[PDB]
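Trainee: A structural model of the following input is requested.
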Amino acid sequence: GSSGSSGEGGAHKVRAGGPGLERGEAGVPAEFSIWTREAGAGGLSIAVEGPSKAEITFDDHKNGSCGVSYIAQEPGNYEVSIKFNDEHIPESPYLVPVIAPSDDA
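Mentor: Residues are numbered from 1 along each chain as shown. Coordinates below:
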């Protein structure tokens, strides 16, 4: 069995959602906040994979949220794999269909 190690939460007990996850754009930074007000504590991993290389920036702003952003030089469906405390959540990996924005000048 075990001795006794406190630890509540767990991958499943982790939700993620943002205005960027739903959809993204090529050349534009896609930010998104992760709702971790359920799980007790744990690490977080982000990996954006797709037809091209995507930039990633992690900056701890507060204890509540961290704020993660990623830019895709090329359009396409970037699959961002999110692992909590070394565990795959029922919401990952994520599929963000990025596209190249066409502006008329």
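
Trainee: list the contacts for residue 24?
Mentor: Applying CB atoms under 8 Å, 6 or more residues apart in numbering, one finds that residue 24 lies in contact with 30, 72, 78, 96, 97, 98, 99. C-beta here means a position set from N, CA and C on the backbone, and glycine is covered the same way.

Trainee: Restricted to strands, list those.
Mentor: 30, 72, 78, 96, 97, 98, 99 (DSSP state E).

Trainee: All the strands of this structure, in order from the start?
Mentor: Applying DSSP E to the chain gives strands spanning 15-16, 24-25, 29-32, 34-35, 44-49, 54-58, 68-72, 76-84, 87-88, 94-99.

Trainee: With distance to residue 3 added, can I get those strands in TSV?
Mentor: Putting those into TSV (distance: least, CB to CB, whole Å) gives the following:
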stretch	distance to residue 3
strand 15-16	31
strand 24-25	46
strand 29-32	38
strand 34-35	31
strand 44-49	27
strand 54-58	34
strand 68-72	36
strand 76-84	24
strand 87-88	22
strand 94-99	37
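
Trainee: of all the ones you listed, which lies closest to residue 2?
Mentor: strand 87-88 (18.5 Å; CB to CB).

Trainee: Just checking: what are the partner strands of the closest one?
Mentor: strand 76-84 (antiparallel) (DSSP bridges).

Trainee: Could you figure out how far the partner strand is turned away from strand 54-58?
Mentor: Inter-element angle recorded for strand 76-84 and strand 54-58: 30 degrees (by axes from the mean of the first three to the mean of the last three CA atoms, to 10 degrees).

Trainee: Touching strand 76-84 from outside, list them.
Mentor: For strand 76-84, using CB under 8 Å, 6+ apart, the contacting residues are 10-11, 14, 16, 21, 24, 26, 34, 39, 42-52, 54, 70, 72, 88-89, 91-98.
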